Structure formats: C-alpha cells, structure tokens
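Shown next, in structure tokens, is the structure this report addresses.
A quick note on method: Cβ atoms are made from the backbone with ideal geometry, for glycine too, and the neighbour counts reach across all protein chains shown. Just so you know, all these numbers are worked out from the coordinates, no wet-lab data involved.
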Amino acid sequence: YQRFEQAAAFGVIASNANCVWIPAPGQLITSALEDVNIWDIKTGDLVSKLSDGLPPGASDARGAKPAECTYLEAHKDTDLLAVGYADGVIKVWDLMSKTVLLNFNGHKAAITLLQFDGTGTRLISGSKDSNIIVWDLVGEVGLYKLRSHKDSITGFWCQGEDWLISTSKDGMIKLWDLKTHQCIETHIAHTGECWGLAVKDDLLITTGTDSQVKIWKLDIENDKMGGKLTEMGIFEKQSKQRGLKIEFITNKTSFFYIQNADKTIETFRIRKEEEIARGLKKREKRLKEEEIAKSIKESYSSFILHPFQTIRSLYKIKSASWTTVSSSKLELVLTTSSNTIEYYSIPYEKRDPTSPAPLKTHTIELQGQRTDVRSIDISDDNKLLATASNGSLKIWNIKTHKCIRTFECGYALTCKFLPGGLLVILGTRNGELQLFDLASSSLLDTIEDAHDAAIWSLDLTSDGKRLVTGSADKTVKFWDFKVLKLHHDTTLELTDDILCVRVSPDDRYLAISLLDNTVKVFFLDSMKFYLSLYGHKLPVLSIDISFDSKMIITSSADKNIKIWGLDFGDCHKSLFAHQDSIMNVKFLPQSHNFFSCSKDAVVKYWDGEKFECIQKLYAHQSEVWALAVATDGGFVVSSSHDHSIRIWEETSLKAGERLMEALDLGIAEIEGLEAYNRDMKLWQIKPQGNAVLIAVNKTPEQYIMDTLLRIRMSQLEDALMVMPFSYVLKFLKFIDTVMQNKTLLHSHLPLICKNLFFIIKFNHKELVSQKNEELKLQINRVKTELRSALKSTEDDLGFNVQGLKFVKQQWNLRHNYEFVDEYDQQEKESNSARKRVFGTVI
Amino acid sequence: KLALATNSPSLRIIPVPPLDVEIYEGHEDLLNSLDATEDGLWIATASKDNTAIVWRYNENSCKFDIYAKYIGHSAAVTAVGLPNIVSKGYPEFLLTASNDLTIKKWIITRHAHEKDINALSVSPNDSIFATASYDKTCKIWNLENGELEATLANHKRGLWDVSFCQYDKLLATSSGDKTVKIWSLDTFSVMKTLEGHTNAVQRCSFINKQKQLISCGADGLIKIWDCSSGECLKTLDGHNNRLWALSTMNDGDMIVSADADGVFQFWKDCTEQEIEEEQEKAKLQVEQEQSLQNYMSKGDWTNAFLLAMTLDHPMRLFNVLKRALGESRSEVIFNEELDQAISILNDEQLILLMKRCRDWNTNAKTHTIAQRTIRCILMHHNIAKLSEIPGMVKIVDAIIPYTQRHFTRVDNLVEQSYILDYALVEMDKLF
Amino acid sequence: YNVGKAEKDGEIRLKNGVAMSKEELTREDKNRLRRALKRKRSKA
C-alpha cells in the first residue's frame, strides 16, 4: 500500500512539434512529451528542461493523458519562450529563470501556430479548431478573437496592428483587418486544403496538396475583390507528396525552402532585377524568333523562381529552421520523425550549389532510440537493457541516464539478461537468437536458424543454465549454456503457434501461451502436462507466476486479466480493465501486487488479494509495449511507442418596476440635456451621460424602448397599471422624444400605440383633471405624429390592395374563358374553387 | 473509323463523330466475330462461313487488304484473337475458335469445351489465353503450346464473355445469369462477385482508369462501378431492347454501345470538365459572398441587394430592405438607386422577390417591409408584364387577404387614437 | 396560405416566415437551429 510516481524520462530526442533554434552552431529547443528539451549542437547534452509543478503519478494528478508539446516559439530580445500544448493551453517560460509566469486557455483543440512579438508583447495563436486568438502578454487577457474559418489554421502571418493573413484547410486564404476586427477578403487557394504560407512584402507563396505552389501579389489597394491579393503564378513539381512548411530567408539574393512530408526538403532561390532584365530580354529573343507574350506572362512563375537544390534526408522529416551566414554557406537544422537531429550545411557562391549533395554533420541521435522499443529488461538494480526494431540494443544506467553501447541485430523481439557476466540474449523476428556482452567485445554469437520463423518469447531458469524459447513454428526449444556456447537439449512440437513462455521463479512450472487461446502448464523436470488453463476468447499475450509459484496471472487480447490458482487450476478471478488490449503483466518480487500495461496507454497497479486497482498511471499517450520490475528494490520501468521510457519510484425586479426604473433614468438624462441646451441658447456645461447608457452604447429613448421590449406581452397591462402618475408623465415625455426620433416610431409603431392608448384610457380622469400647457402641447404633437404614421401605413396598404386586385382581375379577364350559360359557369367555378378539409362531429 | 461485324456478309466501316458507310465483302455468309489490333491497321474477321480472314488496313489510298485467308475446319468460326504485333508489322499468329469443339492457332488444334464457346480474349503479356463457353466454365492455356494452364470451374447456367483487366491483371467474366465474376491469376478463386444486375450481362470490360468495370445488359442497360468494393457508380439507360456490343477508345475515354436494334450511341468521359466547372462556380460563389458581406457591413444597399437577389439569401435580403427603409425614413420608396435596380429587375427574380415578400407579409411585424416592396414593384413595373408572368396570379392570390387584414387592423388603430383627441377636447374645455 | 416548410433542401423556413439559407449562418446558430428541430421532431 504505497504510491508510485514517475521520476525519469529517456529516449525522446524530438517529438511531434516544431524546433526553435537559438544562436551562440548555437543551440536547439525541441519538444519531449509534456516537456521541452534544449541542447547545444557541439556536444548534445541536456542543458535544461522544463517540467511542471506536480509530478505525474500523484493523487492530485488528473487521471487523463497530459497533453503533449505541440508548438513552441521564443523571443530572444525578451528572453521568453511561449509554448502551446495540445489541449489548447498556452504557457510561457523563461530560459534564465525557466519558470511559468502566466497561462492561457482560450482554444479547445490542438495548438498549431504561435506568432508573437515580444516587442509588441502580442501573442497570436492559431489552434486546430477554426479560431485565431490574439492575446496580450502585458494585459494577460484574451484581447480578441478572429473566428471565421471552418476547418483549422495552418498558415499564418501578421503585420503591425493592420493586417493578418491566414490559410486554412478549408483551402482558402483570408485577409483580416484588425482595426475593424473582421475579415475583409477571401480567396480559394487550392482545390482541397492548403498548408504553407510565406510572405515577403511583395510576393506570397501558398503550397497545395498536389506538388503545386502558387505565387501571389499583395498590396494595400482600395478595391473590394482584387487589388489586395492576386494570383500571378503557378509552379509545379516539387514532389508528389504534400508541401507542409514554407520558410523564407534573406542575407542581395534570397532563399526559401519547402518542407514536404517525405524525406526531401527543397530549397529555392529568388533572384534580382538584373537577372529579371536578362530573362525578359532572352524571352524577347524567343518572342522575335502577343500570344507568345502572354505565354511568357504565363511562364512568369519559373521566370521569378529558381530551384536551388534539394536535401534528401533520411527516412522522414518533421521540421526545420534556417541558419545562414556570409551569403556563402547556408545551413538547416532538421528534426526527423524518428528521434534524430541533423545539421545540414551547403557551401555556394550565389549561383551554384558547388556540391553534388549537402553535407550532413552535427547529428544528435545517441540518447534516443531511433525507433520503438519492443523489449525491456533490468540488470541487478543497476542497469537497464532496452531493445528496439532497427537492431538497436541499448544499455542504460539509472544514475546518469545515458547509454553505454549499441548493437545491430535486425528486428528484435525479446531481450533477456544472464546475470553471470551480465550478458544479453536477444531473439529476433528472423528466426535467430543472438548473444552480446557489455564489458568485452560486442558480439559473441548469432545462432542462425534456431527456428524457421519468428520466435516470440524466451526465458531462462534462476540458475542461468538452461534457456527456453517459444517460436511460431509450433516449437518450444530448450537450450543449455555450455562452457560460452549454447546447445539445444530438447525440442517440443505443439499444435498451434506459441505466443508466450514463462518459467516459474522457483524452478517448478513452465507456462506456455498458445494462440488457440489456451495456457498449458508443464512440470519443469518432467514435461508431463500438469495443467491446462482455458477460456480467454482471444489469444493470451502475457503470463506470469507468483514468487511462491502459487498464483498465475494470465492476460489476453480481450482486456481481462484472469488470476488462476496453481494448487488445482481453478480461476480465482476475472478482471476487466484496459479498454484496448493488455500487453504485459508483472508481479512484485515480494507479494501479490502486480502491474498491467496495455494498448490504451494506462499503467494500472493492482492488489491481488483484494483484486483492486490501487493506482492508475497516466505517463504517456501512445501504446505501451514493455514493462519490467526491479529484482529486489521495486522500481518499475515502462517503455512505450512514443519512444518514451518512464521509471516509477515508490513513496430581480418585476415588470412594472423595471419599466419604472428605466423610465426614471431616461427622463433624467433627457431633461438634463434639454436644460443644458436651454442654457446654451442663453449663452447665445455638457452633463455626462450615465453609466448604463455609456456602457451599452444606446440613446436613452432606445434604452426605454428596449425595456418595453423586454417586458413580456402577458404582463404589460399589469405593469402599466402598477406605475403611478408621475411616471405616466415621464412616459408621455418619452413618447414625445420618440416622435422626434421618427425612425424608432415607424420601426416600433404598434407597441407604442398600444401602450399609449392603454395608459391614457386608465388614467383619463386625473390626466384631464390636470391643467398644464406643456401637457397640452405634448399631447397635440403626439396626436399629430400618430395620425401621420398610421395614415402612412394605411395608404400603403390600401394602394397595394387595389393594385393587386386589379392585376388578378385583369389576368382572370385574359385567361378565364367565360361560359355563357349560368349553371355551367357556376359548376365550373365550384369545381375549380379552392377546397379545405376539417374534422367535425356529426 | 469503327469496324462493325453485323448480321450481314460484309464488314462495315463507319466514321465516328455520321452517315457514310463502307461495305467490304470477303465471303458469302454473315460475320460472326471481330477483333482489332491496338494500333489500328490489323483486323480479324470470323464468319458463319468456315473462312476466317485477316484484313490489313491502309490510311493512304484507302486500302482494305483481305490478304490473310484461313480455311481451317468444317464448322463456323465463332471467335478470333491476336494480342500484339512485332515491329515489322506481322502480328505473330491468329488464334481462332470454332462452332465444333476445336480451336486453332495458325501462323501468319485442341479440344475446347462441350457446348458452343462464347468469346476469346488475349493476354497483355501475350502468353496465356482465355476461352469460355456455355458449359459454366472458362479455360486458360498457353500460347506456345495447347497445354491447359488452368480452368475456372463452374457457374449456375453459363458464361457469356471474358476479358482481361490489363493493369490489375484480372479475369472478368460476364456470366450466363445476371452476374459478373472477377478472378485473379494467383489462385483462380473467387476474388469479386458483381451483382445487382437484372437479367444477363452479355459483356464486361475494364475502364481506362483501371478501377471501374463496365457491365452491359440484355434488359437494355449499362452499369459502371468501382471494382474495389463492387458498388455501382453510374447506370446508363439510353437503350430500349438489348445490348450486344461495347467497345472503348483508351486514350480519350470514349466508349460506344450498340444493341440488336439500330440504336447506336457513343459516350465520352467529361468528369474532368464537370469538376472544373464546379470548382469555378465555387470560386465565383465565395468571391461574391465575401463581397456581399463587405457591402452589407459598409453600406451600399443597392449592391448588397443585387448580390442578395442573385445569391438567394433571404435573411440578408430582409435585413437589407429593413435597413433601407430605416434610412429613407429621412415619390421614391427606397434609395433611388435601389428603385432603379428594382425597375431593372428580371422575371425569375420578380417571382423570387414576390414569393419572399408574400412570406414576410404573413406576420404582423414585417408586413410593412412587404408592403413597401410590393408598392415599389407596382410603381416601377408594367402591369401587363406582371399579369403575364407565370405564377404571379397564384402569388397575388396568396398575398391579398393578409393585406386586407392588416388594413382593418391599422384602421382600428386610428379609431383608437381619437381617444387622444377626446382627452384634448375635455382638457381644453376645462381650462 | 400558411408558411410551410421550405422547397429546397438548402433552406430553413420557420412558421413566422423568417426564411434562412444554409450558406448564411454561423456554426453556433446552425447548432441551435438543429437543437430546436431536434426537440420539435422528438415530440411531434
């Protein structure tokens, strides 16, 4: 009953996020998973890394995947590093103090682009949903948000406080104006989506999906549809994959590069005006040797552009950044898909590549794995033995977290650890079994054709004298270690492809996991078929035995750990967990508490006697693959498909009242303004408008009208009965102001009429008892304006009725043939007359 | 030109776009099967007469040489085949197959089946040879020898056509019943079953895009589907009684279908231009929609109205008309430029505008805007033109009674405001 | 005459004659109209 928290991380040199280069080559900032690495290129050592406050594995850690690092961007003048994580959160660190200082979460998806001016202290964020959000660092709030796209944001360029240009996967370019805070122009970039956007002040480069870049002209012209942005050029044939990023550099000649999806990054050069002149005069020679002129205006694209060269990297790429000096050498820092960093250099003399291929140097690959780890072992609580797919076996130590040596063996499937001499024994996907060292020379043996197909598992006794392997040729081969060669004592032939082998710790039982979903259990000294475990509905993938050889754990492809007893073969417990498929279970070396790791990226730590999940662990996000426990102490090691290795260590006014208050406010304001105007006429001080009006941007007469519209029409008569006569007088003054603001009058003519007539019909006695010439003149003006408005609408209606009746009668005159006989005409109209159905009782 | 083996003892050449006919004679009995090389100038004719003859073609002086003659056997030659050509212009051989149970492979003779055979297809690599019959099977053998490589076994009640998907290298067979079967050369097992057809297929072929199979049909129809899942993409019904023949130009995807009757049609691929015109309409639409929004926000009620009437966006149209009325509250009824635009409106736009105006005339809050636009239509259009527009009388019959109801309501409202007048009367009497 | 449901599929016509096209709505108003249609169809 202890807790477990993670305390380490390995193997992740660079993951799915951009890389930011810093000069003094300088250093590079790349991304681990919920972590950011920074290192020199000269030596490649972790000079710093940024964690968070609480470690994952604590009870206060939320039981979900912590989001990855998805984008990061630094301002060196302000020494700040903003970072966007995939659940939409923006953090900012320093590099000196390297601590979080403020936090943003406006978006609800992954975060794709971060463009920020520490000069302007403005951070503009484009996420994986369709909104772009402009934050202010010194304001620490969400300043505003431009949301008009419909898929995502992947191209992005801001200029001053004026313009913002973004390209989104609903494959279009939108030009936003920031002053009016809205999108002015739109152009469809490509047929499908479009990703890359590079902006020099004249030309603009937009890639598509089909090896097609488009060259655009940009202005500040006053036209509505064109003028701002035009479509001068189309250029073809970069590479058949998609173009992902366009980055643009200067010194004067200038360059840029298109980062594709495949192994290639293509660098292009844009030339100068004298080469423009030479090209146009040579094409003029081609002209003399108008339709040909516009053909030249079509070839304008290749006339401007110039393919400098390509960089054919290794297997795949992720991102890149420019590093150029002297206009004679240009360099690219590149992060690949697998965990490698490469520094590529090119010498040139402003015309020519001066090389058949770019030179590849300053490559960082050591502390990573370069592919995914399939198997994991531990060595006497001192070392770790990882192995992966590209032949890379690797030996790590827990103290200084680095490697020791590296081998090549092919597609590796299982590594085990002979403690005698600390040797490593690996079985591959080719049917072979190799054996390497750590202190002496690298390789000892490659037993070739140990089996005819892929062996699947391997183990060995606590004595270290006999090995057992299980292979998909229906074969279980028992080997002995002779003095340092290996012979095969015995070969057992079975019926199905064996998927796992496990020898009991106390040299008692041999468990075999067969693809026909069963577990055989043999006696180790006799091979006499002591037991069979049955009923997993899917092939069992992992078997382990307790320290006293009494409880078997078996785990299969249908998400349920089954605990069986070794005294009779009775299943003690079924236990459903791990929503995809459990790949490994491992006991503690002391008692019945085990760990389970699966294809849904959760490491669950169970008590066996209670059959309970003591702990859930949420280190990483992709599929877990391997797990191993310490022989004596009790640290845990889990390695996963994101090339990640984790090491775990233990520790309300009614209507009526609202109308009265709004009428109070409005008539107060109107009387104040009119008294000021009378004082202005006396002159021939402006009173300040009230807080609510200055806060909602409404004239007071529209404020009163709005509260009349908020009053629901079931309680309006009760409201106008509730208010007293002083507020009746204020109401009449308000309607006078409406009649002076005639357009409100015609837009809300019914409601104003109904309320006025009802108030006067209620209060007729006291209102006619009052003697007031201002009342007389107000009611005169209200009467005249009301008759004017209502007679206007009435004249419109009467004219329309007479006109439409004339039109319909004239068409009936032209196209309705009258039968002369009266009964026939009656029956004609009674047949062609419109009908309607209704449900009556008899 | 198109080569036709009809039910007449004369090969017929017709130009494809179509009236001129070239009739060439080589034998007394009617033609039965026809084949052509991939490059034009070589054709092979099998007739009901035992003679099978190969014609050289000559697009100089128009020659149709009958130069290769084959007497063969004492039955009817029912199918012919020649896959390829050597560079010098002598296609290597001709493999024909007969009314009786034999075939022959003659330079420029083995048992085949039980019943009559149906059709002969060739391999692109010029090595293997397919031949079916009415006995529910197909057979594939060598070209250098008559050794049977394999045999596709069985069906319900027969086979009608066989063909080779050249790119994917598949064996298609138009069945005797209402289906198509697709097999592969690896195991010769059932790769794809194509169903959904009505009576009988009688012809099956690949497409030039190497992904779509075409099946004709004796119920007078044609189906074109994707072979990846076997689901229909298009179905063409230009025919009336049957299907008998289907051929294809590869480079420009130009298929031609002919039946037992005289109707005779050519289809051409145009999906590229369809998608092109669609994307052009989309580009024009997004451009004028953005222009609509900018005009709407910046003012310009006339131009915003024009774009709203051309785009049919009734909510923005209603807001344009409401804002224009709110502006010209200060015999024009709107902005004068807007009035001129309405006077230069057109027919379908008049039907559209009066339809939407009837809709807004329904409720009592928007009846004012509806009355203004009706009055503008009346004050600036011709009444005879309005009466002669189709459907305008239906719309006017829908419009009138709501205007009568609104007239009575506003009349009653004025009748009510005379209480204001009465209050003035009594107040002035008191004072 | 009563204002029935719209003729085309790219339109939405409500019972008070306030027609709308599918091309002139934000996604928020689109979702709220879908919820209203959902509850009306869910009872009636």
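Return the residue satisfying two criteria in turn: it lies in segment A:138-173 and is assigned to a loop (DSSP other than H, G, I, E, B) and among the aliphatic types (A, V, I, L, M), and of such residues it is farthest from the other protein chains (Cβ to nearest Cβ).
A:138
Please tell me if residue B:329 is within 20 Å of residue A:750 (Cβ to Cβ) and either more than 10 Å from every other protein chain (Cβ to nearest Cβ) or touching a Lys or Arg at 6+ places or on another chain (Cβ under 8 Å) (or both).
Against the criterion (within 20 Å of residue A:750 (Cβ to Cβ) and either more than 10 Å from every other protein chain (Cβ to nearest Cβ) or touching a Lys or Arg at 6+ places or on another chain (Cβ under 8 Å) (or both)), residue B:329 qualifies.
Table: residues versus (1) charged (D, E, K, R); (2) part of a loop (DSSP other than H, G, I, E, B).
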{"position": "B:239", "(1), (2)": "no, yes"}
{"position": "B:256", "(1), (2)": "no, no"}
{"position": "B:262", "(1), (2)": "no, yes"}
{"position": "B:306", "(1), (2)": "no, no"}
{"position": "B:322", "(1), (2)": "yes, no"}
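Could you count how many residues in segment A:174-205 are hydrophobic (A, V, I, L, M, F, W, C), more than 11 Å from chain B (Cβ to nearest Cβ) and within 19 Å of residue A:225 (Cα to Cα)?
Final tally of qualifying residues: 4.
Just give me the residues in segment A:432-461 being farther than 22 Å from residue A:510 by Cα, assigned to a strand (DSSP E or B) and touching an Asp or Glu at 6+ places or on another chain (Cβ under 9 Å), in sequence order.
A:434, A:435, A:436, A:443, A:444, A:446, A:447
Residue A:251 fails exactly one of the following numbered conditions: (1) closer than 30 Å to residue A:338 by Cα; (2) in a loop (DSSP other than H, G, I, E, B); (3) of a type outside the set (A, V, I, L, M). What is the number of that condition?
(1)
With the structure loaded, tell me whether residue A:737 is of a type in the set (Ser, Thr, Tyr), more than 10 Å from every other protein chain (Cβ to nearest Cβ), assigned to a helix (DSSP H, G or I) and in contact with a helix residue (DSSP H, G or I) (Cβ under 8 Å, 6 or more places away or on another chain) or whether it fails that test.
Yes, satisfied.
Of all residues in segment C:5-30 being exposed (fewer than 11 other Cβ atoms within 10 Å of the Cβ) and more than 10 Å from chain B (Cβ to nearest Cβ), which is nearest to residue B:355 (Cα to Cα)?
C:5
State all residues of segment A:763-790 that are within 26 Å of residue A:716 (Cβ to Cβ), within 7 Å of chain B (Cβ to nearest Cβ) and charged (D, E, K, R); if no residue qualifies, say none.
A:783, A:787
Among the residues of segment A:191-203, is there at least one that is closer than 30 Å to residue A:86 by Cβ, crowded, with 21+ Cβ neighbours inside 10 Å and over 20 Å from the mean Cα position of the chain (by Cα)?
No - not one qualifying residue is present in segment A:191-203.
Would you please name the residue that is nearest to the chain's Cα centre (by Cα), looking only at residues in segment A:382-406 that are in a strand (DSSP E or B) and hydroxyl-bearing (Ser, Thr, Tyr)?
A:387
Which one of these is basic (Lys, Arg), buried (at least 16 other Cβ atoms within 10 Å of the Cβ), within 24 Å of the chain's Cα centre (by Cα) and farther than 18 Å from residue B:256 by Cα: B:178, B:192, B:211?
Matching residue, one of B:178, B:192, B:211: B:178.
What are the pairs with Cβ atoms under 8 angstrom where one residue, in segment B:34-53, is within 13 Å of residue B:9 (Cα to Cα) and the other, located anywhere, is among the aromatic types (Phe, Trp, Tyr)? Sequence gap at least six, or different chains.
Partner pairs satisfying both residue conditions: B:45/B:55; B:51/B:70; B:52/B:70; B:53/B:70.
What's the number of the only condition in (1) within 14 Å of chain C (Cβ to nearest Cβ); (2) buried (at least 19 other Cβ atoms within 10 Å of the Cβ); (3) among the small types (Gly, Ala, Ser); (4) touching a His at 6+ places or on another chain (Cβ under 8 Å) that residue B:364 fails to meet?
Status for residue B:364: all satisfied but (2).
Take residue B:373 and tell me if it is of a type in the set (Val, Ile, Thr), in contact with a helix residue (DSSP H, G or I) (Cβ under 7 Å, 6 or more places away or on another chain) and at the interface with another protein chain (Cβ under 7 Å from one of its Cβ atoms).
Criteria not met by residue B:373.
Applying the selection to segment B:393-427, what residues are touching a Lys or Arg at 6+ places or on another chain (Cβ under 7 Å) and either within 14 Å of chain C (Cβ to nearest Cβ) or of a type in the set (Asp, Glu) (or both)?
Of everything in segment B:393-427, those that are touching a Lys or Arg at 6+ places or on another chain (Cβ under 7 Å) and either within 14 Å of chain C (Cβ to nearest Cβ) or of a type in the set (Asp, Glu) (or both) turn out to be B:393, B:395, B:396, B:397, B:398, B:399, B:400, B:421.
State all residues of segment A:300-320 that are part of a strand (DSSP E or B) and either of a type outside the set (S, T, N, Q) or closer than 15 Å to residue A:361 by Cα (or both); if no residue qualifies, say none.
Residues satisfying the conditions are A:305, A:306, A:307, A:308, A:311, A:312, A:317, A:318, A:320.
When the residues of segment B:281-322 are filtered to those that are more than 21 Å from residue B:370 (Cβ to Cβ) and either touching a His at 6+ places or on another chain (Cβ under 7 Å) or within 11 Å of chain C (Cβ to nearest Cβ) (or both), which remaining residue is surrounded by the fewest Cβ atoms within 10 Å (Cβ to Cβ)?
For segment B:281-322, the residue satisfying everything is B:285.
Evaluate segment B:20-36: report whether one residue or more is outside any strand (DSSP E or B) and among the hydrophobic types (A, V, I, L, M, F, W, C).
For segment B:20-36, residues outside any strand (DSSP E or B) and among the hydrophobic types (A, V, I, L, M, F, W, C): present.
All but one of (1) more than 12 Å from chain B (Cβ to nearest Cβ); (2) surrounded by fewer than 19 Cβ atoms within 10 Å (Cβ to Cβ); (3) part of a helix (DSSP H, G or I) hold for residue A:701; state the number of the condition that does not hold.
Only one criterion is unmet by residue A:701, namely (2).
Taking segment A:520-538 as the region of interest, how many residues are part of a loop (DSSP other than H, G, I, E, B) and of a type in the set (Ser, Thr, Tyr)?
Matching residues across segment A:520-538 total 2.
When the residues of segment B:379-392 are filtered to those that are surrounded by fewer than 19 Cβ atoms within 10 Å (Cβ to Cβ) and part of a helix (DSSP H, G or I), which remaining residue is farthest from the other protein chains (Cβ to nearest Cβ)?
Once the filter is applied, the top-ranked residue is B:380.
Please work out if residue A:819 is more than 9 Å from chain B (Cβ to nearest Cβ), touching a helix residue (DSSP H, G or I) at 6+ places or on another chain (Cβ under 6 Å) and not in a helix (DSSP H, G or I).
Criteria met by residue A:819.
Identify the residue in segment A:354-385 that is buried (at least 17 other Cβ atoms within 10 Å of the Cβ) and among the polar types (S, T, N, Q) and, among all such residues, is farthest from residue A:633 (Cα to Cα).
Restricting to residues being buried (at least 17 other Cβ atoms within 10 Å of the Cβ) and among the polar types (S, T, N, Q), the top hit is A:371.
Determine which single condition residue A:760 fails, assuming it passes every other condition in (1) at the interface with chain B (Cβ under 9 Å from one of its Cβ atoms); (2) more than 26 Å from residue B:427 (Cα to Cα).
(2)
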